[PDB]
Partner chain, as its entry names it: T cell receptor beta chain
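Below you will find one chain, with nothing else, as structure tokens; this is the form deposited without the partner chain, and questions on how it binds or moves follow later.
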């Protein structure tokens, strides 16, 4: 183990994790481009939202200027969670923020949707997870795209981020994105930093991307 316990999470942090992974809508677009920037580790997509009530622009945060350079001016696809609190950079009051979630558009379409096999163990006992739970059309997919989908299932099925009072029985948990061609990426399900979206989502700022072709996800949940 030696993972964070949900009881170590404070007041609003648990509620906001449920907000992010269960209630909020996700930014999901194909074929966008921009060379606009706010700070040098960001890329500003002016007019990203066309139907949104409150928002207009999307400011994407990356780990460094080096990562920005790989996407700036190129045609890209986006899939990620965004927040409006403590966000600014474009149109005043109508700017939404996101960490990573950007992949190159050209030659990344798979002929058919790839269904990512999920292996799940609740207190050692294996549980069957439907194959259409986590899926993608990208050859190189951000871990964020996959994580958002997996955690929603965990919410629906296990009330992952509900307080104990509300049948939230899982206390510790881990998600592992196992690829055959590189080392695993694994997140502690209760290891987010802070209480708000602006800090809880920083885990995706590295824009970690993985080959979806022949990989799987392992999820280990514990009720104590």
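Numbering follows the first chain given and starts at 1.
What follows is about the form solved in complex with the partner chain, which we do not show.
Taking the partner from the other structure, the partner chain in the entry with it bound has no heavy atom within 4.5 Å of any heavy atom of residue 121. Looking at residue 207, you'd find every heavy atom of it more than 4.5 angstroms from the partner chain in the entry with it bound. Within 4.5 Å of any heavy atom of the partner chain in the entry with it bound lies no heavy atom of residue 171. Under a 4.5 angstroms non-hydrogen atom cutoff, the partner chain in the entry with it bound has residue 84 among its neighbouring residues. Heavy atoms within 4.5 Å of the partner chain in the entry with it bound belong, among the stretches 49-57, 183-191, 28-36, 62-70, to residues of 49-57. For the partner-free chain shown, nothing in 95-127 comes within 4.5 angstroms of the partner chain in the entry with it bound, judged by any non-hydrogen atom.
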